[PDB]
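In: turn this into a structure:
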Amino acid sequence: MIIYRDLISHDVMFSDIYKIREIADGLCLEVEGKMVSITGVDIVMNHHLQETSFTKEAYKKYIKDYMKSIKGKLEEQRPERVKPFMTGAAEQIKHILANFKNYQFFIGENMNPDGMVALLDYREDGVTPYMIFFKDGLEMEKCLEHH
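Out: Numbers count the residues shown, from 1 in each chain. This is the structure:
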């Protein structure tokens with residue numbers, strides 16, 4: 001199976017046992033979760049994601065830093081992704097800041113402040129949870145029977 005982990009913090013963000021949608025012209029991965037009850041969201045609960053908070057200004061400071069960290073990672077391993085990421089993320093930041101009050105913030109288990117901040121949101125029904133990750137900020141891992 002496929003486990004996805006934060007390219008910076010190395011924590012597991014989510015696995016392939018969820019409905020994954022690639023949105024924003026391949027910039028982001030939209031993971032659909034279920035509300036489960038202690039109450040919460042399954043993605044958060046079984047991958048031990050930690051909730052964190054941001055002012056509008058702190059998030060701007062943080063995401064500039066995060067963008068340049070990913071930019072440096074991509075130049076080394078996936079150079080073709082630098083421009084798409086830099087353009088897309090800049091446009092995605094504008095969207096996130098536009099509906100800032102709609103999001104909750106989650107980071108990996110180790111709580112590395114330089115790692116990815118996943119965004120929690122609810123569908124049109126206002127009941128279904130889904131989480132947004134930057135695809136370029138994730139590295140894939142594959143697990144198989146071993147003897």
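In: which SS class is residue 29?
Out: Here residue 29 is recorded as strand under DSSP: H, G, I helix; E, B strand; the rest coil.
In: what strand or helix carries residue 45?
Out: helix 42-46 (DSSP states H and E).
In: tell me which element the residue most central in space within the chain falls in.
Out: Nearest to the mean C-alpha position of the chain, by CA atoms, centre = their mean, lies residue 133 at 2.4 Å. In the assignment (DSSP H and E), residue 133 maps to strand 129-134.
In: who does the helix or strand following that strand pair up with?
Out: Counting by DSSP H and E, the next helix or strand C-terminal to strand 129-134 is strand 138-142. The strands beside strand 138-142 in its sheet (DSSP bridges) come out as strand 2-6 (antiparallel).
In: residues in contact with the strand holding residue 133?
Out: Strand 129-134 is contacted by residues 4, 13-14, 23, 27-35, 41, 43-44, 70, 85, 89, 92, 106, 116, 118-123 when judged by CB atoms under 8 Å, 6 or more residues apart in numbering. C-beta: built from backbone N, CA, C; applies to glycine.
In: got the CA positions of it in CSV?
Out: Extracted C-alpha coordinates of strand 129-134, given in CSV (Å, rounded to 0.1, in the frame of the first residue of the first chain):
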residue,chain,number,x,y,z
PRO,A,129,-14.5,16.4,6.5
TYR,A,130,-11.7,16.6,3.9
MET,A,131,-8.1,17.6,4.2
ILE,A,132,-5.9,19.5,1.7
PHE,A,133,-2.2,18.8,1.2
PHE,A,134,0.4,20.2,-1.2
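In: just give me how far that strand sits from the chain centre.
Out: Offset of strand 129-134 from its chain centre (CA atoms, centre = their mean, to the nearest Å): 6 Å.
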